[PDB]
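Step one of this worksheet: look at the structure below.
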Amino acid sequence: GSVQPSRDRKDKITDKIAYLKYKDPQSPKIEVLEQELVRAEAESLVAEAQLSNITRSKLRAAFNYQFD
Amino acid sequence: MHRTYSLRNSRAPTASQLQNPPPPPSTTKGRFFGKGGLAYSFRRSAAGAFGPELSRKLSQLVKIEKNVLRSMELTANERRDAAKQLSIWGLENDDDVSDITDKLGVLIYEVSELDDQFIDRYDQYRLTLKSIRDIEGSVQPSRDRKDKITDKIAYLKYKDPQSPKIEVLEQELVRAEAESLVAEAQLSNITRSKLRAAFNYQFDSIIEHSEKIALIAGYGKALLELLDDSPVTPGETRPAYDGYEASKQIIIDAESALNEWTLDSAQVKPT
Amino acid sequence: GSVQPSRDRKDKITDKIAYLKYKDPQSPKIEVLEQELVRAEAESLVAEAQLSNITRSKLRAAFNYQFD
Numbered sequence: 137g138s139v140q141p142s143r144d145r146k147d148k149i150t151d152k153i154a155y156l157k158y159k160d161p162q163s164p165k166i167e168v169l170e171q172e173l174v175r176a177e178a179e180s181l182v183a184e185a186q187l188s189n190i191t192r193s194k195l196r197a198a199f200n201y202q203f204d
Numbered sequence: 001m002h003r004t005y006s007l008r009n010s011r012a013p014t015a016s017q018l019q020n021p022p023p024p025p026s027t028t029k030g031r032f033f034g035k036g037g038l039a040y041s042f043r044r045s046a047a048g049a050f051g052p053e054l055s056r057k058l059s060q061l062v063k064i065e066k067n068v069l070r071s072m073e074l075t076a077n078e079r080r081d082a083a084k085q086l087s088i089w090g091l092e093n094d095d096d097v098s099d100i101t102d103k104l105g106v107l108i109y110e111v112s113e114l115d116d117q118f119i120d121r122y123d124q125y126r127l128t129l130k131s132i133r134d135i136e137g138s139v140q141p142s143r144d145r146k147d148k149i150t151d152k153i154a155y156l157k158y159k160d161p162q163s164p165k166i167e168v169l170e171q172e173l174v175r176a177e178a179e180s181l182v183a184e185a186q187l188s189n190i191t192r193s194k195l196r197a198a199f200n201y202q203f204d205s206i207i208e209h210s211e212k213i214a215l216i217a218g219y220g221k222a223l224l225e226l227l228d229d230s231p232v233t234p235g236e237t238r239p240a241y242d243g244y245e246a247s248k249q250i251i252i253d254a255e256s257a258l259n260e261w262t263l264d265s266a267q268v269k270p271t
Numbered sequence: 137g138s139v140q141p142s143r144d145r146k147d148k149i150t151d152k153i154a155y156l157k158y159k160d161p162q163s164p165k166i167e168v169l170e171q172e173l174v175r176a177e178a179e180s181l182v183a184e185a186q187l188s189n190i191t192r193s194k195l196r197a198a199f200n201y202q203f204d
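Note that the protein sequences, when read in sequence, are chains S, Z and V. Residue numbers 137 to 204, in the UniProt record's numbering, belong to the letters of the first sequence in order. Residue numbers 1 to 271, in the UniProt record's numbering, belong to the letters of the second sequence in order. Residue numbers 137 to 204, in the UniProt record's numbering, belong to the letters of the third sequence in order.
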């Protein structure tokens, strides 16, 4: 649930990028939004990796404890 | 700066100062403020109060240089008006004075046009700086979030180490730290690459403008020989002016030299 | 004036293509609109060529007659 806002922000920012590049490619925020998008993409990649590790490690452990 | 090992406001004179003593301070430095305008001094303060903390000094610089640009366009219009007034006033005097004043007004109008072109280039450089201002202002929320999250981590680990959000907040903090590291790297690259490029463009505009005005000054100084300082006794009068062709040739040569000027044609060679 | 509707249609169709490919790339009219755009582009290229020839040939001739 805490990871989800990261990807929500990523999709919102990429939607804004698409809208700005479609309506007016020569926008003042031509590349600042793109750089913010790429740093958010790096953060979301780290978040997805840690989410996968923690989910798959606490599923195999909580269910192991439950089965014990 | 031409300062000296002294505790006074006096500055070390240069070779030009030794050859030509400096004139007294201008009589236009009247005591009101030197302000120019209330909006001029309030726009900067308004820009320097709100907005992101990181993009605060840069916004102040952008606003100050916008005021620079406004005052420069004002002085360009003022100088072109002065040239027009000189050309108008040249009629009442002799033919040689009229022609010389007309050519000088043409040169001053050309200087004003070059000033306007430099104004456009300055605005381009200001927009280049505005881009880095915007990117740093967008970067600032990332680090603001990082500090807020680390403060929350410290508070939670101090008040109750066995909190339900024991490690989710830490993982969110580390991913935010990775994002902030990428943001800082890209901010450094873009800031340091658009500072060295916007200022390079600004200096190119500066040297081009300076060379063009230097050529204008030299050509006007060579034109001023057609004017004569010979005084006439009250009874006598000069023969008719005949230096029209010389002035025409000198202004044609000035225009040709200005048109031919390029970046590689600059004769200024710094050591 | 008769040539102008061709380019007006070309810009309208390319705007529609951009809008459709931004809002939903997997649109049912995925490639029919693109093919219509390319055939309109060929028609507009022929129109521009003939407009240039006729304009530049009747300017040099009408003005030659006027100068005569």
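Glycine residues also receive a C-beta, built at the ideal position from the N, C-alpha and C atoms.
The region 225-242 of chain Z makes no contact with the region 144-153 of chain V; the number of CB pairs closer than 8 Å stays below 3. In the three-state scheme derived from DSSP, where H, G and I count as helix and E and B as strand, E167 of chain V is classed as coil. Shown here, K29 of chain Z sits in coil according to DSSP, grouped into three states, outside any helix or strand. Taking a cut-off of 8 Å on C-beta distances, the region 192-199 of chain Z does not touch the region 102-112 of chain Z, as fewer than three cross pairs fall below it. The C-beta of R133 of chain Z has 16 or more other C-beta atoms within 10 Å across all chains shown, which makes the residue buried. DSSP places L129 of chain Z inside the alpha helix (DSSP H), whose first and last residues are 95-159. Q186 of chain Z places its beta carbon 8 Å or farther from that of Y125 of chain Z.
At least 8 Å separates the CB of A222 of chain Z from every CB of chain S. Taking the C-beta atoms as reference points, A254 of chain Z is found nearer than 8 Å to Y219 of chain Z.
By the C-beta criterion, the region 177-186 of chain Z is judged to be in contact with the region 127-145 of chain Z, since at least 3 inter-stretch pairs fall below 8 Å.
By the Cβ test, the region 115-123 of chain Z is in contact with the region 61-76 of chain Z, since at least three Cβ pairs between them sit closer than 8 Å. No residue range can be given for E236 of chain Z, since it is assigned to no alpha helix (DSSP H) and is classified by DSSP as neither H nor E. Between the alpha carbons of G48 of chain Z and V62 of chain Z lies a distance of about 10 Å.
Within chain S, no C-beta atom comes less than 8 Å from the C-beta of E208 of chain Z; the nearest is roughly 26 Å away.
Spanning the alpha carbons of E53 of chain Z and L18 of chain Z requires a straight line of approximately 48 Å. Leaving aside the five residues that flank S205 of chain Z on each side, the residues in its chain whose CB is nearer than 6 Å to its CB run, in chain order, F118, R121. The beta carbon of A246 of chain Z sits closer than 8 Å to the beta carbons of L226 from its chain, once the five residues preceding and following it are set aside; these are given in chain order.
Excluding sequence positions up to five before and after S163 of chain V, its CB lies within less than 6 Å of the CB of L156, all in the same chain and listed in chain order. Linking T191 of chain V to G137 of chain V through their CA atoms gives a straight-line distance of about 12 Å. By the neighbour-count criterion, in which 16 or more other beta carbons inside 10 Å mark a residue as buried, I166 of chain Z falls on the exposed side. At a cut-off of 8 Å between C-beta atoms, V62 of chain Z does not count as an interface residue with respect to chain S.
Under the three-state reduction of DSSP output, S6 of chain Z falls in the coil class, being neither helix nor strand. With respect to the 8 Å criterion, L224 of chain Z and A257 of chain Z are not classified as neighbours on the basis of their beta carbons.
Pairing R43 of chain Z with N67 of chain Z gives a Cβ-Cβ distance under 8 Å. For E260 of chain Z, the uninterrupted alpha helix (DSSP H) segment begins and ends at 244-260.
Distance from the Cα of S188 of chain Z is smallest, within the candidate group Z:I135, Z:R80, Z:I100, Z:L263, for Z:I135.
In this structure, DSSP gives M1 of chain Z a state outside helix and strand, which the three-state scheme calls coil.
For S55 of chain Z, the three-state secondary structure derived from DSSP is coil.
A217 of chain Z is positioned such that its CB atom lies no closer than 8 Å to that of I250 of chain Z. Using a CB distance cut-off of 8 Å, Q186 of chain S counts as an interface residue toward chain Z.
Following the DSSP letters along the chain, one finds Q19 of chain Z inside the alpha helix (DSSP H) bounded by residues 15-19.
Put simply, the backbone Cα of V168 of chain S is about 11 Å away from that of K130 of chain Z.
In this chain, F50 of chain Z is not harboured by any alpha helix (DSSP H), its DSSP state being neither H nor E. Per DSSP, reduced to three states, the secondary structure at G220 of chain Z is helical. With 16 or more other Cβ atoms from the protein chains shown falling within 10 Å of its own Cβ, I100 of chain Z counts as buried.
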